[PDB]
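Asks: Can you keep this structure in mind? I'll have questions shortly.
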Amino acid sequence: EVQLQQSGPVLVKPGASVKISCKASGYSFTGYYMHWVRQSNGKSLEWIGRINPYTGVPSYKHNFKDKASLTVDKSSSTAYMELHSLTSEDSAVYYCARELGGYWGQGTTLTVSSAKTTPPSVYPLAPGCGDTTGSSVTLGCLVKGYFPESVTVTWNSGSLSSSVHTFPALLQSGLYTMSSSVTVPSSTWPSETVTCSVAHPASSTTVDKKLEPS
Amino acid sequence: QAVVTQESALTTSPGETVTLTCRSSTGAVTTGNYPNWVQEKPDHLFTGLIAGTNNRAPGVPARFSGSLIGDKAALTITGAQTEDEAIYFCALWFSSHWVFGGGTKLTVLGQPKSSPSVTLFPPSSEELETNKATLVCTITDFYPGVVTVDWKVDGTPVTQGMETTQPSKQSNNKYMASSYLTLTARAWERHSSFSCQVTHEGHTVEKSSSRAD
Amino acid sequence: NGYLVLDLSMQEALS
């Protein structure tokens, strides 16, 4: 079977360069072109270029000509893409694909950031004092200003999990922000303890917040 | 210059037939644009479907077929299955480069539709002490997984300082999202009413919080 | 003749 195995995730600082690999298996590597594609949040999918592995000739979209350099190693049947003068706008998921309507690699997540390791600040999300009581109550925890990803939020050492909703992170002001919520019966809070535990292994830090009525 | 446009979102049911289109801003789409179609499933999983207008990739179910309809490229799913719920992109060739469409979110109803549960939280006293203020609007348990979120302060539509996550699938196969309104401490204390408006299936629900007197 | 390198992205449509 065909396999397009890309190299792993990479974090670099602005101005550096990175070389992403794509190891082809299960077919004649030099018998097919190889494409490269970028997926970003603000620009969606963009075609970088393609390379003829037999001749080694690359072709680029005009806007990537000075950003990317495509090469191959015929001996290992691996295609390479080197990105130059990296900026934060180059942060994205990069794919190799033998053909756009066929086999794709699994993607390589590239993060370009000057930010340093930063623990999260955890803030409680609770209803206001003037809130109206209902059969249930929704609580949460705001996790702001951490880097790099990711965090793992746990509520009451895992006893609450069915009613948990943990949301994706967003990049804001060079740092990451996410939030998590849990819904419990009104008869359980504040009568009983509800705590969110936010683990951030990169900073070797964990922060627990006990939810209290505002 | 050449911009490719697809439908933002489409909904169908299991066993029905649905058609996705792909149009070019510069002119009609023809076989000279070699339309390719690719499917994205959650966690950046791309699977090619159609190459060269209508050549189905090996292993792709026969219910997927490509064609040209008028001046547009089309992907037709005859007898959609629940596992076809995904994002579908088209790519067109323009002489010397490819251009992707923005993608179409396809819902294949695997369960009854569900309205969103909306909860708006105020800035915590802890954050206000940092000279910052963030309002959080959590949205859960909506299906199909497409929503629009609008913020209003003192009745004025907000255009800056707000960001929303892309809908993410829940364990029960419904979707969830969260929206944030990032403000300065002074901005928070300088306005009265704050609102999060979430529209789903053309229905708008509202949650508001006003600074008590 | 020679070594043919394919780009399946650019197949001609079937008819």
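Letters A, B, ... go to the chains of the structure tokens in the order shown; residues in each chain start at 1; ligands are counted from 1 in the same order.
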Neighbouring residues of stretch 92-107 of chain A were defined as those with any atom within 8 Å, considering only C-alpha atoms; residues of the same chain fewer than 6 positions away were excluded. Please report them as JSON, numbers by chain.

Replies: {"A": [2, 3, 4, 5, 6, 22, 32, 33, 34, 35, 36, 37, 38, 39, 40, 41], "B": [36, 37, 38, 44, 45, 46, 47, 48, 49, 50, 51, 57, 91], "C": [7, 8, 9]}

Asks: Identify every residue of chain C that has at least one atom within 12 Å of any atom of chain A, counting only C-alpha atoms, and report the result as a list in words.

Replies: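 Therefore, the residues near the partner are residues 2, 3, 4, 5, 6, 7, 8, 9, 10 and 11 of chain C.
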
Asks: Provide the atom CA of residue B:207 to atom CA of residue A:135 distance in Å, to one decimal place.

Replies: 17.8 Å

Asks: Could you give me, as a Markdown table, a per-residue list for chain B showing, wherever an atom lies at most 9 Å from an atom of chain C, the closest pair of atoms and their distance in Å to one decimal, using only C-alpha atoms and sorting by chain then residue number from low to high?

Replies:
| residue | atom | partner | partner_atom | distance |
| --- | --- | --- | --- | --- |
| B:31 | CA | C:13 | CA | 6.4 |
| B:32 | CA | C:12 | CA | 8.3 |
| B:33 | CA | C:10 | CA | 8.5 |
| B:34 | CA | C:10 | CA | 5.5 |
| B:35 | CA | C:9 | CA | 8.0 |
| B:36 | CA | C:9 | CA | 6.6 |
| B:50 | CA | C:9 | CA | 8.7 |
| B:51 | CA | C:9 | CA | 5.2 |
| B:52 | CA | C:11 | CA | 4.5 |
| B:53 | CA | C:13 | CA | 5.4 |
| B:54 | CA | C:13 | CA | 5.8 |
| B:55 | CA | C:13 | CA | 6.7 |
| B:67 | CA | C:13 | CA | 8.7 |
| B:93 | CA | C:10 | CA | 8.4 |

Asks: For those residues, write N, CA, C and O atoms to a file as a PDB file, in the first residue's frame.

Replies:
ATOM      1  N   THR B  31     -12.364  20.982 -18.396  1.00  0.00           N
ATOM      2  CA  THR B  31     -11.386  19.925 -18.168  1.00  0.00           C
ATOM      3  C   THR B  31      -9.959  20.454 -18.199  1.00  0.00           C
ATOM      4  O   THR B  31      -9.060  19.821 -17.635  1.00  0.00           O
ATOM      5  N   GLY B  32      -9.732  21.595 -18.848  1.00  0.00           N
ATOM      6  CA  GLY B  32      -8.431  22.233 -18.811  1.00  0.00           C
ATOM      7  C   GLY B  32      -8.027  22.750 -17.448  1.00  0.00           C
ATOM      8  O   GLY B  32      -6.850  23.077 -17.256  1.00  0.00           O
ATOM      9  N   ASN B  33      -8.969  22.843 -16.509  1.00  0.00           N
ATOM     10  CA  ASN B  33      -8.664  23.188 -15.126  1.00  0.00           C
ATOM     11  C   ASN B  33      -8.437  21.959 -14.253  1.00  0.00           C
ATOM     12  O   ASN B  33      -8.213  22.112 -13.042  1.00  0.00           O
ATOM     13  N   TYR B  34      -8.516  20.758 -14.828  1.00  0.00           N
ATOM     14  CA  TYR B  34      -8.234  19.488 -14.160  1.00  0.00           C
ATOM     15  C   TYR B  34      -8.746  19.469 -12.713  1.00  0.00           C
ATOM     16  O   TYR B  34      -7.961  19.296 -11.779  1.00  0.00           O
ATOM     17  N   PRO B  35     -10.055  19.610 -12.508  1.00  0.00           N
ATOM     18  CA  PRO B  35     -10.584  19.663 -11.137  1.00  0.00           C
ATOM     19  C   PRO B  35     -10.198  18.436 -10.321  1.00  0.00           C
ATOM     20  O   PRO B  35     -10.389  17.295 -10.751  1.00  0.00           O
ATOM     21  N   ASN B  36      -9.650  18.685  -9.134  1.00  0.00           N
ATOM     22  CA  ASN B  36      -9.372  17.655  -8.143  1.00  0.00           C
ATOM     23  C   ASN B  36     -10.241  17.910  -6.914  1.00  0.00           C
ATOM     24  O   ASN B  36     -10.533  19.061  -6.576  1.00  0.00           O
ATOM     25  N   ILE B  50     -11.227  12.634  -6.241  1.00  0.00           N
ATOM     26  CA  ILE B  50     -11.376  12.750  -7.686  1.00  0.00           C
ATOM     27  C   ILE B  50     -10.185  13.523  -8.226  1.00  0.00           C
ATOM     28  O   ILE B  50      -9.777  14.535  -7.649  1.00  0.00           O
ATOM     29  N   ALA B  51      -9.627  13.051  -9.338  1.00  0.00           N
ATOM     30  CA  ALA B  51      -8.574  13.771 -10.040  1.00  0.00           C
ATOM     31  C   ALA B  51      -8.943  13.890 -11.510  1.00  0.00           C
ATOM     32  O   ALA B  51      -9.559  12.982 -12.080  1.00  0.00           O
ATOM     33  N   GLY B  52      -8.574  15.011 -12.115  1.00  0.00           N
ATOM     34  CA  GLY B  52      -8.798  15.200 -13.538  1.00  0.00           C
ATOM     35  C   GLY B  52     -10.265  15.163 -13.904  1.00  0.00           C
ATOM     36  O   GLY B  52     -10.673  14.402 -14.790  1.00  0.00           O
ATOM     37  N   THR B  53     -11.062  15.972 -13.209  1.00  0.00           N
ATOM     38  CA  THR B  53     -12.486  16.127 -13.463  1.00  0.00           C
ATOM     39  C   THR B  53     -13.301  14.961 -12.911  1.00  0.00           C
ATOM     40  O   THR B  53     -14.256  15.177 -12.157  1.00  0.00           O
ATOM     41  N   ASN B  54     -12.949  13.718 -13.282  1.00  0.00           N
ATOM     42  CA  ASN B  54     -13.820  12.604 -12.924  1.00  0.00           C
ATOM     43  C   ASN B  54     -13.109  11.262 -12.769  1.00  0.00           C
ATOM     44  O   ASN B  54     -13.778  10.222 -12.818  1.00  0.00           O
ATOM     45  N   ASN B  55     -11.793  11.238 -12.577  1.00  0.00           N
ATOM     46  CA  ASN B  55     -11.072   9.991 -12.350  1.00  0.00           C
ATOM     47  C   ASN B  55     -11.066   9.710 -10.850  1.00  0.00           C
ATOM     48  O   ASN B  55     -10.373  10.388 -10.083  1.00  0.00           O
ATOM     49  N   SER B  67     -17.724  15.636 -11.959  1.00  0.00           N
ATOM     50  CA  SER B  67     -18.231  15.997 -13.275  1.00  0.00           C
ATOM     51  C   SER B  67     -18.093  17.502 -13.456  1.00  0.00           C
ATOM     52  O   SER B  67     -17.608  18.214 -12.573  1.00  0.00           O
ATOM     53  N   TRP B  93      -6.634  24.039 -11.747  1.00  0.00           N
ATOM     54  CA  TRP B  93      -5.357  24.356 -12.365  1.00  0.00           C
ATOM     55  C   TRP B  93      -5.524  25.546 -13.301  1.00  0.00           C
ATOM     56  O   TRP B  93      -6.415  25.548 -14.157  1.00  0.00           O
TER      57      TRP B  93
END

Asks: Counting only C-alpha atoms, which residues from chain B have an atom at most 9 Å from any atom of chain A, and could you show them as a PDB file with C-alpha atoms, in the first residue's frame?

Replies:
ATOM      1  CA  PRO B  35     -10.584  19.663 -11.137  1.00  0.00           C
ATOM      2  CA  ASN B  36      -9.372  17.655  -8.143  1.00  0.00           C
ATOM      3  CA  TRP B  37     -11.480  16.906  -5.057  1.00  0.00           C
ATOM      4  CA  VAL B  38     -10.180  15.984  -1.601  1.00  0.00           C
ATOM      5  CA  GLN B  39     -11.867  15.172   1.712  1.00  0.00           C
ATOM      6  CA  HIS B  44      -6.032  17.062   9.429  1.00  0.00           C
ATOM      7  CA  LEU B  45      -6.831  13.777   7.649  1.00  0.00           C
ATOM      8  CA  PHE B  46      -6.856  14.371   3.880  1.00  0.00           C
ATOM      9  CA  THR B  47      -8.148  11.702   1.484  1.00  0.00           C
ATOM     10  CA  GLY B  48      -8.136  12.339  -2.254  1.00  0.00           C
ATOM     11  CA  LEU B  49     -11.387  11.563  -4.055  1.00  0.00           C
ATOM     12  CA  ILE B  50     -11.376  12.750  -7.686  1.00  0.00           C
ATOM     13  CA  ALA B  51      -8.574  13.771 -10.040  1.00  0.00           C
ATOM     14  CA  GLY B  52      -8.798  15.200 -13.538  1.00  0.00           C
ATOM     15  CA  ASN B  55     -11.072   9.991 -12.350  1.00  0.00           C
ATOM     16  CA  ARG B  56     -11.977   8.395  -9.019  1.00  0.00           C
ATOM     17  CA  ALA B  57      -8.971   7.562  -6.867  1.00  0.00           C
ATOM     18  CA  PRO B  58      -8.393   3.857  -6.141  1.00  0.00           C
ATOM     19  CA  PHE B  89     -12.148  20.925  -1.092  1.00  0.00           C
ATOM     20  CA  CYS B  90     -11.810  21.421  -4.835  1.00  0.00           C
ATOM     21  CA  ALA B  91      -8.583  22.466  -6.547  1.00  0.00           C
ATOM     22  CA  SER B  96       0.925  27.152 -14.015  1.00  0.00           C
ATOM     23  CA  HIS B  97      -0.450  26.737 -10.473  1.00  0.00           C
ATOM     24  CA  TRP B  98      -3.288  25.272  -8.434  1.00  0.00           C
ATOM     25  CA  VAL B  99      -5.923  27.226  -6.510  1.00  0.00           C
ATOM     26  CA  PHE B 100      -8.050  25.620  -3.795  1.00  0.00           C
ATOM     27  CA  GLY B 101     -11.620  26.517  -3.016  1.00  0.00           C
ATOM     28  CA  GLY B 102     -12.493  27.497   0.529  1.00  0.00           C
ATOM     29  CA  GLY B 103     -14.038  24.108   1.259  1.00  0.00           C
ATOM     30  CA  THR B 119     -23.673  30.232  28.369  1.00  0.00           C
ATOM     31  CA  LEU B 120     -22.112  33.682  28.784  1.00  0.00           C
ATOM     32  CA  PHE B 121     -19.605  34.222  31.594  1.00  0.00           C
ATOM     33  CA  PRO B 122     -18.402  37.568  32.968  1.00  0.00           C
ATOM     34  CA  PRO B 123     -14.801  38.649  33.552  1.00  0.00           C
ATOM     35  CA  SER B 124     -13.595  37.158  36.820  1.00  0.00           C
ATOM     36  CA  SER B 125     -12.483  39.519  39.569  1.00  0.00           C
ATOM     37  CA  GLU B 126      -9.073  37.840  39.344  1.00  0.00           C
ATOM     38  CA  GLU B 127      -8.587  38.807  35.689  1.00  0.00           C
ATOM     39  CA  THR B 134     -12.445  38.514  28.846  1.00  0.00           C
ATOM     40  CA  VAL B 136     -16.526  33.779  27.467  1.00  0.00           C
ATOM     41  CA  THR B 138     -19.561  28.651  25.444  1.00  0.00           C
ATOM     42  CA  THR B 140     -22.421  23.215  23.085  1.00  0.00           C
ATOM     43  CA  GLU B 163     -12.583  35.557  18.179  1.00  0.00           C
ATOM     44  CA  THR B 164     -14.384  32.214  17.988  1.00  0.00           C
ATOM     45  CA  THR B 165     -13.137  28.644  17.783  1.00  0.00           C
ATOM     46  CA  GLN B 166     -14.047  26.385  14.898  1.00  0.00           C
ATOM     47  CA  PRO B 167     -16.818  23.920  15.835  1.00  0.00           C
ATOM     48  CA  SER B 168     -15.374  20.746  17.359  1.00  0.00           C
ATOM     49  CA  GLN B 170     -18.407  16.233  20.970  1.00  0.00           C
ATOM     50  CA  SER B 171     -18.408  12.630  22.160  1.00  0.00           C
ATOM     51  CA  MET B 176     -19.258  22.758  20.420  1.00  0.00           C
ATOM     52  CA  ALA B 177     -17.524  26.114  20.115  1.00  0.00           C
ATOM     53  CA  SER B 178     -16.405  28.987  22.333  1.00  0.00           C
ATOM     54  CA  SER B 209     -24.879  40.330  31.015  1.00  0.00           C
ATOM     55  CA  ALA B 212     -25.253  45.701  37.911  1.00  0.00           C
TER      56      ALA B 212
END

Asks: Please provide the set of residues having any atom within 7 Å of residue A:85, restricted to only C-alpha atoms, with same-chain residues fewer than 6 positions apart removed, written as a list in words.

Replies: residues 15, 16 and 17 of chain A

Asks: Dump N, CA and C atoms for the selected residues as a PDB file, in the first residue's frame?

Replies:
ATOM      1  N   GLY A  15      12.963  33.905  11.564  1.00  0.00           N
ATOM      2  CA  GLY A  15      14.214  34.105  10.868  1.00  0.00           C
ATOM      3  C   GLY A  15      14.998  32.846  10.580  1.00  0.00           C
ATOM      4  N   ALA A  16      14.644  31.724  11.200  1.00  0.00           N
ATOM      5  CA  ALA A  16      15.352  30.473  10.978  1.00  0.00           C
ATOM      6  C   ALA A  16      14.792  29.778   9.736  1.00  0.00           C
ATOM      7  N   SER A  17      15.239  28.546   9.497  1.00  0.00           N
ATOM      8  CA  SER A  17      14.781  27.745   8.373  1.00  0.00           C
ATOM      9  C   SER A  17      14.508  26.332   8.865  1.00  0.00           C
TER      10      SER A  17
END

Asks: With only C-alpha atoms as the basis for distance, which of A:198, A:115, A:20, A:86 is at the shortest distance from residue A:72?

Replies: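 Counting only C-alpha atoms, the residue closest to residue A:72 is A:20.
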
Asks: Write out as a JSON list (two decimals) with N, CA and C atoms, in the first residue's frame each polymer residue whose atoms come within 8 Å of residue A:199, counting only C-alpha atoms; drop sequence neighbours fewer than 4 positions from it.

Replies:
[["chain", "number", "residue", "atom", "x", "y", "z"],
["A", 151, "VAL", "N", -2.38, 22.15, 26.93],
["A", 151, "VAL", "CA", -2.80, 21.94, 28.31],
["A", 151, "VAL", "C", -3.81, 20.81, 28.33],
["A", 152, "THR", "N", -3.97, 20.20, 29.50],
["A", 152, "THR", "CA", -4.97, 19.17, 29.73],
["A", 152, "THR", "C", -5.79, 19.57, 30.95],
["A", 153, "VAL", "N", -7.09, 19.79, 30.75],
["A", 153, "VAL", "CA", -7.99, 20.22, 31.81],
["A", 153, "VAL", "C", -8.75, 19.01, 32.33],
["A", 205, "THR", "N", 4.17, 22.89, 35.28],
["A", 205, "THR", "CA", 3.26, 23.58, 36.18],
["A", 205, "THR", "C", 1.84, 23.06, 36.01],
["A", 206, "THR", "N", 1.14, 22.92, 37.13],
["A", 206, "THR", "CA", -0.28, 22.57, 37.14],
["A", 206, "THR", "C", -1.00, 23.53, 38.08],
["A", 207, "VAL", "N", -2.18, 23.99, 37.67],
["A", 207, "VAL", "CA", -2.95, 24.98, 38.41],
["A", 207, "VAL", "C", -4.36, 24.44, 38.59]]

Asks: Excluding residue A:69 and its own-chain neighbours fewer than 4 positions away, which residues fall within 8 Å of it when counting only C-alpha atoms? Please give them as a PyMOL selection string.

Replies: chain A and resi 65+81-83

Asks: Can you write out the residues you just picked, keeping N, CA, C and O atoms, as a PDB file, in the first residue's frame?

Replies:
ATOM      1  N   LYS A  65       8.100  31.193  -4.347  1.00  0.00           N
ATOM      2  CA  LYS A  65       9.346  30.916  -5.057  1.00  0.00           C
ATOM      3  C   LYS A  65      10.565  31.177  -4.179  1.00  0.00           C
ATOM      4  O   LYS A  65      11.538  30.416  -4.218  1.00  0.00           O
ATOM      5  N   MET A  81      11.081  19.673   1.557  1.00  0.00           N
ATOM      6  CA  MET A  81      10.728  21.073   1.362  1.00  0.00           C
ATOM      7  C   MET A  81      11.412  21.888   2.447  1.00  0.00           C
ATOM      8  O   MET A  81      11.158  21.674   3.637  1.00  0.00           O
ATOM      9  N   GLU A  82      12.273  22.811   2.042  1.00  0.00           N
ATOM     10  CA  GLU A  82      12.960  23.707   2.962  1.00  0.00           C
ATOM     11  C   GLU A  82      12.318  25.086   2.892  1.00  0.00           C
ATOM     12  O   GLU A  82      12.181  25.657   1.807  1.00  0.00           O
ATOM     13  N   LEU A  83      11.920  25.609   4.049  1.00  0.00           N
ATOM     14  CA  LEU A  83      11.311  26.928   4.155  1.00  0.00           C
ATOM     15  C   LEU A  83      12.325  27.906   4.736  1.00  0.00           C
ATOM     16  O   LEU A  83      13.020  27.592   5.705  1.00  0.00           O
TER      17      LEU A  83
END

Asks: Would you please work out which residue, of A:7, A:196, A:24, A:209, is nearest to residue A:160 when using only C-alpha atoms?

Replies: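 The closest residue to residue A:160 is A:196.
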
Asks: For residue A:90, list every protein, DNA or RNA residue within 8 Å, evaluated using only C-alpha atoms, and leave out those in the same chain fewer than 5 positions away; present the list as a PyMOL selection string.

Replies: chain A and resi 110-112

Asks: Would you compute the distance between atom CA of residue B:3 and atom CA of residue B:74? Give it in Å to one decimal.

Replies: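 Taking atom CA of residue B:3 as the start and atom CA of residue B:74 as the end point, the length is 16.3 Å.
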
Asks: Atom CA of residue B:70 and atom CA of residue B:14 are how many Å apart?

Replies: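 So the answer is 26.8 Å.
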
Asks: Among the residues of stretch 14-199 of chain B, find those DSSP assigns to strand (DSSP E or B) from the backbone and print them as a ChimeraX atom specification.

Replies: /B:17-24,36-41,45-51,55-56,64-69,72-78,86-93,98-100,104-108,114,117-121,132-143,148-153,156-157,162-164,168-169,175-184,193-199
